[PDB]
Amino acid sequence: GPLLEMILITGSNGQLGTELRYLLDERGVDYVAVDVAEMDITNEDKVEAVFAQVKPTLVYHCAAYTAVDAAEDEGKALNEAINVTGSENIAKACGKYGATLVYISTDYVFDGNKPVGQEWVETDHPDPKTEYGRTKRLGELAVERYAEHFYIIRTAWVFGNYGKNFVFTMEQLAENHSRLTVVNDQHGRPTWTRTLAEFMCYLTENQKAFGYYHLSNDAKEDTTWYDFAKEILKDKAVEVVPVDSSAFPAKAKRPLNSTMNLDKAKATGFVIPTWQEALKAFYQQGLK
């Protein structure tokens, strides 16, 4: 209420939701955690029922549908339900209960038509070309409309120890395949869920200004998926082969350069590791 902070985590068993739960555990912060089997964000009656019981003042919205290629076709309906309907439901619930809403969005809200070396800023106009990115942008607009107190954090290429991601896909494939093909003409930056969870909590702990923030891990140089995969699999007996995006017919028309400018997040005081340092820490944390 006005005197008690009450934290609700949605999508709490995802890779980001789990990371955040563990982070708040470390800091001795209490929360209520829900995922599909406790509060299906597409069911507005269930969302209302949970909010009536919990009365959150702060909601970390980590539920999402993030299968980019499936969202173009076989998962098109579920992508829309979770990322549009679900986003609207959570933003409306937060507005009704007066809760601050931290909404995680994506670098894929941009069209990607930006020269290598240039970066997308929070004030740039979204124009997404993937089903996934379209629905996340609609989720941003719902949050903007219904949650008066909000942080929209656009992140990218998310990986961490507590769910499925590009890193574990690559390692699984390397267990039985000697040659892998990874695009070298799609530019962006990985984001470790631990960095993202820490930034999520840095904004709220320090009551930074509401609005939009870009958060990926950082890079001294250009980064493509190939660069990421090459580093992921450097201890493996697999050849990572750079290809361009026309080498194989892809279902999703992914942005060619969705590298996010990080100046605004840096201006908060938050220190952003490079993705190389983050990946090394991810490997160390996974041993726990």
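The numbering used is simple: start at 1 and walk along the sequence shown.
- The question of which stretch, 38 to 46 or 256 to 264, has the higher mean Cα B factor is settled in favour of 38 to 46.
- Between 160 to 168 and 71 to 79, it is 71 to 79 that carries the larger average Cα temperature factor according to the deposited entry.
- For the set 185, 144, 127, 205, the PDB entry assigns the largest Cα B-factor to 127.
- For the set 88, 140, 175, 218, the maximum C-alpha B-factor listed in the entry falls on 175.
- When the CA B factors of the chain's modelled residues are split into thirds, the value for residue 19 lands in the lowest one.
- Sort the chain's modelled residues by C-alpha temperature factor and residue 248 lands in the highest third, per the entry.
- When the CA B factors of the chain's modelled residues are split into thirds, the value for residue 111 lands in the middle one.
- Sort the chain's modelled residues by C-alpha temperature factor and residue 63 lands in the highest third, per the entry.
- Among all modelled residues in its chain, residue 8 ranks in the lowest third by Cα B-factor.
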